[PDB]
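The structure under discussion appears below in the form of structure tokens.
Neighbour counts are summed over all protein chains in view; Cβ atoms, including those assigned to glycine, are modelled from backbone coordinates with ideal geometry. Just so it is clear, none of the values below were taken in a lab; they were calculated from the coordinates.
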There are 2 protein chains.
Amino acid sequence: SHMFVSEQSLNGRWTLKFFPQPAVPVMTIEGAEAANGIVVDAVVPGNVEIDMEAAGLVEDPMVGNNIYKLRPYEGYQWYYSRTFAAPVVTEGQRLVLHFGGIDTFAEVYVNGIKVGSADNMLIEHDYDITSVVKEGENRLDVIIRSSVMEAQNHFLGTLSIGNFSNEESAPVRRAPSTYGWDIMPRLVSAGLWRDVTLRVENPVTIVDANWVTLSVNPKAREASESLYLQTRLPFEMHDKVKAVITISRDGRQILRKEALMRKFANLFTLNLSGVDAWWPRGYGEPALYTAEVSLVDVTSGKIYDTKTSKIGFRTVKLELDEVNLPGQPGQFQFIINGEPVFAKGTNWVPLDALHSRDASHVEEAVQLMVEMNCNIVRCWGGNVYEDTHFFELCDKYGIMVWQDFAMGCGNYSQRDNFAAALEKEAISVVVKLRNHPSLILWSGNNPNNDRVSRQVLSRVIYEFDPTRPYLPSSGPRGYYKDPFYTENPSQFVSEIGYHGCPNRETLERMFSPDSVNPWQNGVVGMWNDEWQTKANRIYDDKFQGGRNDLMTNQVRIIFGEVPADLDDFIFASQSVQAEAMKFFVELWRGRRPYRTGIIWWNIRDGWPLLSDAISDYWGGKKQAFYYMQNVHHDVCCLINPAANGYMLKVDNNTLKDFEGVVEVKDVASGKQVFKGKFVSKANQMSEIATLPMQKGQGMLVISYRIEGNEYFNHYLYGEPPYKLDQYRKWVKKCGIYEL
Amino acid sequence: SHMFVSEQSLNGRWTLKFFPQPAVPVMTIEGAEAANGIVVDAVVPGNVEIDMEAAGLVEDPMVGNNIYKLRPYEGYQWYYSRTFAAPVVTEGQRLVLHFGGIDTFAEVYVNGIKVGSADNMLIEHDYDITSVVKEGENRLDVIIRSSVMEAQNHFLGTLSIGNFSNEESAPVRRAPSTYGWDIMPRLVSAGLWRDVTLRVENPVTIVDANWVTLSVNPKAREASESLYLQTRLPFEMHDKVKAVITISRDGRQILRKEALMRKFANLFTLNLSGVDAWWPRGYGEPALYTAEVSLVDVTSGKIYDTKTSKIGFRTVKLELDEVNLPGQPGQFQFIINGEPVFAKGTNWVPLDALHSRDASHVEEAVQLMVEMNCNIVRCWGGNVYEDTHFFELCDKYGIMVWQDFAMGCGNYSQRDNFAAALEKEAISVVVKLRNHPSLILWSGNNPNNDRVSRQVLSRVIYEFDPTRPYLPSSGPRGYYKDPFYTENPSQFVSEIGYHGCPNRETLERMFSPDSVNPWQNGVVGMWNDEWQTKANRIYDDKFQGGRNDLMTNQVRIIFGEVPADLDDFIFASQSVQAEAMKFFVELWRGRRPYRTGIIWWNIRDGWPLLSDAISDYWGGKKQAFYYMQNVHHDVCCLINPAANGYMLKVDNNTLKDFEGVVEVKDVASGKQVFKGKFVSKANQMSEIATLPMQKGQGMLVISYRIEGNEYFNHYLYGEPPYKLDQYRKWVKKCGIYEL
């Protein structure tokens, strides 16, 4: 919350005119009105494809092969226009035109006068229009040009060509996945995809309020919190304005500090008592405190500005392991409030290919993580930076955020122009997000002399967020028990996933009626053209095999043969994904304290696709979601393979000790393999017993009770291939998951 | 000396108009004349507060709380104007408008045409006005805006906020102490604070004459000196102009070299015989030689330009100790002409808060160091860079100069705009000062990846002064014999000082009549509001205690109780400061060769204040000045504490051996504790004898004669608290210092 003099939204109906971009891009109002184009109603925030579909000019790109029909619009220009009433501006006040998101290359005009030139999709754009606004009706015009064609204004270095990220993405500041990935369709799009507002500021105003946790003592319920305050302050207001700082929780005032403003920038250090620390899920309460700062006239009591947010008292340290594999990726552990935490969570990918719809998905998507009980989320550099509300929800629910800078699988320019653009982006996003307690790490998402990840980004963190760690960087897909996974040396794995066919409901909504069944002409293993598109084929290339073949290969390994029936194939594919991902999480939790975290890929699709996500774009939870839920508990009893049997363990990702009883039985026959009490020491893995080796194939059920609550888990023993109907019976008689 | 065609001073009477700075700063002549302001006569060089006090508009800021009454003028603009006669400029010549100092942000106009925009207080500003001058009467207008308000044109990084240096100082190039320190009042000020002149240059002119000592052989009386000469030289003058280089001493010509100018830039190497090396005080003579270079027409004999200065033949090396505490601050020793020198001197702080008065203090202030026998001075980065005359005096008197770049206790921007401003400043000051033999070190005055001190400043020294070392960087205040001081591991200490009450004369001139006595309402230890201001309270904050409490605490430790009488308190406070600082110097001299230097804080106040300086702004020498003088001799007999007694030593900071006799007696009783001859080997500490432990408290007198000259020192033995009147008797009967 930032209480300016007034904020007037410019969201709603606009006028949108679009036309093919000429050889010389249109950049003036006169050229845009003279161009031969189509005029339609538009909604802001929005994407131009949404407006075009509303007008009946494009088909639903979510269905079948319709995504490729948007290709011609990548070479189009987009002319937004609307009128607005000028807000009241008194002498000394400033009128700011604020864009939450312009996608991407645009000239902005107010009353026919250019006020800005935008060229970054991922950050806000603010323009002082105090001197160009006129009383009465005003004109706002935004002329966007083709993002794809802008790439040809640049000469690429050798290593920027031929990467998985598109060459078109290398020289521009846009979300790399919009050009197409293996988990996101190619849909470059364009538009005013976040809020557009008009702000009136007083001559006295808060420029930035940077809250920093200097120290925390959770057991003594104390914390030292610093406020780095920067203001605009006319000199006549020096010694005549006071800052009022208020810390409170649930309306109860914790602390109130007033201080005379004698200079524009100040550091205030608050030594607080009776306050609780912020903890991630499992390790404690996500305690948040409302922190408000106001600039108040000492004589009149006039409130010139007020900034309010919810902060959390916590410290973060990235402890790097240089004894075993020094300097390797993943040889670290997060230290929160002085405690070593085991991280378990998901990678965060785009919520929608049409990113103006991201905000409408944020609440339900975060709720998936809350149900999952993730304590961490990695925001993938192929996506846009999420908005403030996403971080407020992570603050509220105790989910740590690992934030990549928006860069994909590729190398980037070492030259001055790209560095200046990235520095501007990094400063903007760091200043915007650095006050959220959930945010715990910045990553360059990147041999060691790369200017971008080792100089530009590290310099911004050095100057603007020294309290947070910065990281320059971070058989296969066969049997999930392959040594490739079970002998992986990484303490902290950040990208691990397994393919899974979506639920039938989602299949019938995605494909044309005749394309719902995957086998073209009935031959199993041969995907039709629509399934090839939904494997995420970036360009319309007619071929056989490729990514989709992963689904059938894993099913063959586990169950011997690919079921011809569709529903049997869904259950088989979803069962393979479920067992694989459950095994990975149980493997890393079971090998603590050497293993320090597992971030799996991924919890939710950003588009109706066939992918390794465990829930789809429309909210359809695959079987893996429920398996994963049972191995993400704060205290979890699980079984790992052992040299001469199985090791029954219990993992504890909390700061408390727990007692309970655990029973292990063979599902098929019912024989009790083990039963006894266990003591789960805090924040550690504990071995309960070594179970004797079972005969042949089968499934063990794990029932344990902790503090009067019943929990369940299972272990599939034996060696594949299994009979699919035998596995179905084992699951059904196990009594945990619906089939 | 630089003999241009002509130099016409613009110093003298100007017209000064001042007014509050509007929200949009005034930057044009029309806006300045239209603004509602006050017009007064002004003197250049000057400060606007001097002109305002001359007009009777401000009270004497040196007295009482008057310093705070200048606060409103920090938000003012200052419009300087005068007329001048155009000097004669023939074809091909250039007319340069030269500013020695503009404080700070100003637009400069000649005849209504902008010729420059200044934004750095600390360096010269030269503008080519050849094309804008008109014959007859010309107009010069300088429009200065508020330095404080300029800081709000910048966004600060986290570590630039909350330091001891003001946030207002972080983004601008001004002397950090002008915003207020603990030893300098807050007095931002403004004005043309150094000379303003008009220079006429020939088409053939000397751009730079860089004298470099390649080698020196003091015993053979030889030296190899390089001249790096850069000129402006029209091509028609190529092969038609000769450089005439002349080295001389006391009018006697040492060497004359003529060389035809065939290109604009040249290196000349002079191999000199019969020349003596330059040495700092004690280690030899500060031999200087006049070095003149002229550009002369080979046919007509016309002298196009002449540059003259006094140079000294010396080499400097900074030997760093990496065996004991490798890389620590102060683990080094200066090597001058191949000889390890022990440095002893003072930190150099502003000579005046109104810096246009600095030049009038330079001679007397340097003379304090000559009387003290300092061989080094550290120019503190909180001050401006001193002008050429200060370095000429240090050249003449053999005082090495350690020069900080003008930065205070704080962190600075890592971004391009600040680096470019600092690079421009560093290049200017390095080129201006690099030819002075007294200058021996550049310091960044600064964890190790700070762009400013580790990249920008080091690059300038690398390119423009590779012959001089560059350094990135450099209980407490209780009993001066606390282990904090006696167990300090630093070989070279650069900031050590002790508080001392100024002489009564200075107290009666500083304070109002009713505020001369420090105890408000008579209660000892409680400072009145005027003494709180003169402790150096930056902002008018009514409080009790703080810095001033240091004075009373040290007096309590040494003498048991704070004297209620003022004169007794002055003697007690000045005696504590005197014994403390004498002990520190004797401690470092007595522990050679491990200890390599001591630079103490400080010899002279820059404002009437209560501080740790040993002499005040008006020249009042505290008792510490005379104590310090007796332990700064070239050869000094002194006493250090020993394990089971006292160690009588003699330190030698020369290259010569000395013989003498020394007598040690207990003052009170008169018993001879020791008497014998000693041999003081050159450039080393020598132990004379271990004296037996004395009983109780008392004072030892040290009388020694060297080459027919009598010298005196003393040692206060026993443990505090002492009786103040007993100490007074000991000093009086000791017969060294007046009370």
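So which of A:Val63, A:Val96, A:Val24, A:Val108 ends up being among the aliphatic types (A, V, I, L, M) and buried (at least 20 other Cβ atoms within 10 Å of the Cβ)?
Numbers: A:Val63 fails: buried (at least 20 other Cβ atoms within 10 Å of the Cβ); A:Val96 fails: buried (at least 20 other Cβ atoms within 10 Å of the Cβ); A:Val24 fails: buried (at least 20 other Cβ atoms within 10 Å of the Cβ).
Of the residues listed, the single one that is among the aliphatic types (A, V, I, L, M) and buried (at least 20 other Cβ atoms within 10 Å of the Cβ) is A:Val108.
How many of the residues in segment A:253-282 are assigned to a strand (DSSP E or B) and either surrounded by 21 or more Cβ atoms within 10 Å (Cβ to Cβ) or more than 9 Å from chain B (Cβ to nearest Cβ) (or both)?
Pass one, segment A:253-282, residues assigned to a strand (DSSP E or B): A:253-260, A:265-273, A:278.
Narrowing further to those that are either surrounded by 21 or more Cβ atoms within 10 Å (Cβ to Cβ) or more than 9 Å from chain B (Cβ to nearest Cβ) (or both): A:253-259, A:265, A:270-273, A:278.
So the answer is 13.
Between residues in segment A:462-480 that are within 14 Å of chain B (Cβ to nearest Cβ) and residues that are part of a loop (DSSP other than H, G, I, E, B) and of a type in the set (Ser, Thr, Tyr), which pairs lie under 9 Å by C-beta distance while being six or more apart or on different chains?
The qualifying pairs are A:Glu463/B:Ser413; A:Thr467/A:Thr315.
Starting from segment A:225-242, keep only residues that are farther than 20 Å from B:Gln77 by Cα and facing chain B (nearest Cβ under 8 Å), then list their pairs with residues that are polar (S, T, N, Q) and assigned to a helix (DSSP H, G or I) whose Cβ atoms are within a distance under 7 Å, requiring at least 6 positions of separation or different chains.
That search, which allows pairs on different chains as well, returns A:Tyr228/B:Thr158.
Here are A:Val188, A:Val148: which of them is within 27 Å of A:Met62 (Cβ to Cβ) and part of a loop (DSSP other than H, G, I, E, B)? Steps first, please.
Details: A:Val148 fails: part of a loop (DSSP other than H, G, I, E, B).
Of A:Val188, A:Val148, the one residue that is within 27 Å of A:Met62 (Cβ to Cβ) and part of a loop (DSSP other than H, G, I, E, B) is A:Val188.
Can you pull out every residue in segment A:655-665 that is surrounded by fewer than 18 Cβ atoms within 10 Å (Cβ to Cβ) and touching a strand residue (DSSP E or B) at 6+ places or on another chain (Cβ under 8 Å)? If you could, list the steps in order and put the result at the bottom.
Let us first name the residues in segment A:655-665 that are surrounded by fewer than 18 Cβ atoms within 10 Å (Cβ to Cβ), namely A:655-659, A:661, A:663.
Of everything in segment A:655-665, those that are surrounded by fewer than 18 Cβ atoms within 10 Å (Cβ to Cβ) and touching a strand residue (DSSP E or B) at 6+ places or on another chain (Cβ under 8 Å) turn out to be A:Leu655, A:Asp657, A:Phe658, A:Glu659, A:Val661, A:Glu663.
Residues that are of a type in the set (S, T, N, Q), more than 14 Å from chain B (Cβ to nearest Cβ), more than 34 Å from the chain's Cα centre (by Cα) and outside any strand (DSSP E or B): does segment A:303-321 have at least one?
Let us first name the residues in segment A:303-321 that are of a type in the set (S, T, N, Q), namely A:306, A:308-309, A:315.
Narrowing further to those that are more than 14 Å from chain B (Cβ to nearest Cβ): A:306, A:308-309, A:315.
Subsequent filtering for residues that are more than 34 Å from the chain's Cα centre (by Cα) retains none.
For segment A:303-321, residues of a type in the set (S, T, N, Q), more than 14 Å from chain B (Cβ to nearest Cβ), more than 34 Å from the chain's Cα centre (by Cα) and outside any strand (DSSP E or B): absent.
Output the residue which, of all residues in segment A:391-425 that are surrounded by fewer than 24 Cβ atoms within 10 Å (Cβ to Cβ) and aromatic (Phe, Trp, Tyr), is nearest to the other protein chains (Cβ to nearest Cβ).
A:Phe418
Under 7 Å between Cβ atoms, at least 6 apart or on separate chains: pull out the pairs that start in segment B:53-78 with a residue that is more than 14 Å from chain A (Cβ to nearest Cβ) and end on any residue that is hydroxyl-bearing (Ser, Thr, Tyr).
So the pair list comes out as B:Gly64/B:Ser512; B:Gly64/B:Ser515; B:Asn65/B:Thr533; B:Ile67/B:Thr533.
Within segment A:467-488, how many residues turn out to be touching a strand residue (DSSP E or B) at 6+ places or on another chain (Cβ under 9 Å) and not aromatic (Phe, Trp, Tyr)?
9
Mind listing whichever residues of segment B:3-25 are of a type in the set (A, V, I, L, M, F, W, C) and either part of a strand (DSSP E or B) or away from every other protein chain (no Cβ under 14 Å) (or both)?
Applying the first criterion (of a type in the set (A, V, I, L, M, F, W, C)) to segment B:3-25 yields B:3-5, B:10, B:14, B:16, B:18-19, B:23-24.
Matches in segment B:3-25: B:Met3, B:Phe4, B:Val5, B:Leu10, B:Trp14, B:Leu16, B:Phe18, B:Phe19.
Looking only at segment A:424-477, count how many residues are assigned to a strand (DSSP E or B) and not hydroxyl-bearing (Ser, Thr, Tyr). Can you show your working first?
To start, the set of residues in segment A:424-477 that are assigned to a strand (DSSP E or B) comprises A:439-443, A:470-471.
Checking the rest, the ones that are also not hydroxyl-bearing (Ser, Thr, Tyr) come to A:439-442, A:471.
Adding up the residues that qualify gives 5.
Across segment A:191-224, what is the number of residues that are surrounded by fewer than 19 Cβ atoms within 10 Å (Cβ to Cβ), more than 13 Å from every other protein chain (Cβ to nearest Cβ) and not in a strand (DSSP E or B)?
Looking only at that region, the number is 4.
Can B:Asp182 be described as surrounded by fewer than 21 Cβ atoms within 10 Å (Cβ to Cβ) and under 16 Å from B:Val349 (Cα atoms)?
On the way: surrounded by fewer than 21 Cβ atoms within 10 Å (Cβ to Cβ): yes; under 16 Å from B:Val349 (Cα atoms): yes.
In short, yes.
Go through segment B:533-573 and give me each residue that's within 14 Å of another protein chain (Cβ to nearest Cβ) and not β-branched (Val, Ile, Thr).
Our first condition is that a residue be within 14 Å of another protein chain (Cβ to nearest Cβ); within segment B:533-573, this holds for B:537-543.
B:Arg537, B:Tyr539, B:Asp540, B:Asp541, B:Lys542, B:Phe543, listed by residue number.
Answer yes or no as to whether A:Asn683 is of a type in the set (S, T, N, Q), over 23 Å from A:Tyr727 (Cα atoms) and buried (at least 19 other Cβ atoms within 10 Å of the Cβ). Walk me through it before giving the result.
Numbers: of a type in the set (S, T, N, Q): yes; over 23 Å from A:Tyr727 (Cα atoms): yes; buried (at least 19 other Cβ atoms within 10 Å of the Cβ): yes.
Considered against the rule, which asks whether it is of a type in the set (S, T, N, Q), over 23 Å from A:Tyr727 (Cα atoms) and buried (at least 19 other Cβ atoms within 10 Å of the Cβ), A:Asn683 comes out as yes.
Sort out which residues of segment B:352-393 are outside any loop (DSSP other than H, G, I, E, B), out of contact with any strand residue (DSSP E or B) (no Cβ under 6 Å at 6 or more places or on another chain), over 20 Å from B:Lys621 (Cβ atoms) and of a type in the set (D, E, K, R), and write them in order of number.
Matches in segment B:352-393: B:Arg357, B:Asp358, B:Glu392.
Scan segment B:230-252 for residues that are buried (at least 16 other Cβ atoms within 10 Å of the Cβ) and either more than 25 Å from B:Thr90 (Cβ to Cβ) or acidic (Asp, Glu) (or both) and jot them down.
Those that are buried (at least 16 other Cβ atoms within 10 Å of the Cβ) and either more than 25 Å from B:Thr90 (Cβ to Cβ) or acidic (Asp, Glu) (or both): B:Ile245, B:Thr246, B:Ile247.
On the basis of being surrounded by fewer than 15 Cβ atoms within 10 Å (Cβ to Cβ) and on the phi < 0 side of the Ramachandran plot, does A:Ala54 make the cut? Even if it seems obvious, please write down each step before you answer.
Working: surrounded by fewer than 15 Cβ atoms within 10 Å (Cβ to Cβ): yes; on the phi < 0 side of the Ramachandran plot: yes.
When the stated conditions are applied, A:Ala54 passes them.
Restricting segment B:139-149 to residues that are buried (at least 18 other Cβ atoms within 10 Å of the Cβ) and not hydrophobic (A, V, I, L, M, F, W, C), which is nearest to the other protein chains (Cβ to nearest Cβ)? Write out each step before concluding.
Here is the first cut: in segment B:139-149, the ones buried (at least 18 other Cβ atoms within 10 Å of the Cβ) are B:140-149.
Of the ones still in play, those that are also not hydrophobic (A, V, I, L, M, F, W, C) are B:141, B:145-147.
On the way: B:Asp141: 23, B:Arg145: 11, B:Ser146: 6, B:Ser147: 11 Å.
Within segment B:139-149, the match that is nearest to the other protein chains (Cβ to nearest Cβ) is B:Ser146.
Can you tell me which residue among B:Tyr715, B:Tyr711 is in a strand (DSSP E or B) and closer than 30 Å to B:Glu561 by Cα?
Details: B:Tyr711 fails: closer than 30 Å to B:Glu561 by Cα.
Testing whether each residue is in a strand (DSSP E or B) and closer than 30 Å to B:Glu561 by Cα leaves just B:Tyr715.
From the residues in segment A:283-295 that are within 33 Å of the chain's Cα centre (by Cα) and under 30 Å from B:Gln152 (Cβ atoms), which one is farthest from the other protein chains (Cβ to nearest Cβ)?
Initial filter on segment A:283-295 (within 33 Å of the chain's Cα centre (by Cα)): A:283-294.
Checking the rest, the ones that are also under 30 Å from B:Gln152 (Cβ atoms) come to A:289-294.
Values: A:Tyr289: 21, A:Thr290: 22, A:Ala291: 17, A:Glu292: 20, A:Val293: 14, A:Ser294: 19 Å.
The selected residue is A:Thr290.
Of the residues that make up segment B:444-463, is at least one surrounded by fewer than 21 Cβ atoms within 10 Å (Cβ to Cβ), over 28 Å from B:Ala170 (Cβ atoms) and within 22 Å of the chain's Cα centre (by Cα)?
Looking through segment B:444-463, none of the residues is surrounded by fewer than 21 Cβ atoms within 10 Å (Cβ to Cβ), over 28 Å from B:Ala170 (Cβ atoms) and within 22 Å of the chain's Cα centre (by Cα).
Mind checking which residues of segment A:172-185 are closer than 26 Å to A:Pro45 by Cβ and assigned to a loop (DSSP other than H, G, I, E, B)? Can you show your working first?
Initial filter on segment A:172-185 (closer than 26 Å to A:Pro45 by Cβ): A:172-181, A:183-185.
Of everything in segment A:172-185, those that are closer than 26 Å to A:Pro45 by Cβ and assigned to a loop (DSSP other than H, G, I, E, B) turn out to be A:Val172, A:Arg174, A:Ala175, A:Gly180, A:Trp181, A:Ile183, A:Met184, A:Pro185.
Within segment B:576-622, can you find the residues that are outside any helix (DSSP H, G or I) and charged (D, E, K, R)? If you could, list the steps in order and put the result at the bottom.
Looking only at segment B:576-622, we keep the residues that are outside any helix (DSSP H, G or I), and these are B:591-622.
Those that are outside any helix (DSSP H, G or I) and charged (D, E, K, R): B:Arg591, B:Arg592, B:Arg595, B:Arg604, B:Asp605, B:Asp612, B:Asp616, B:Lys621, B:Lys622.
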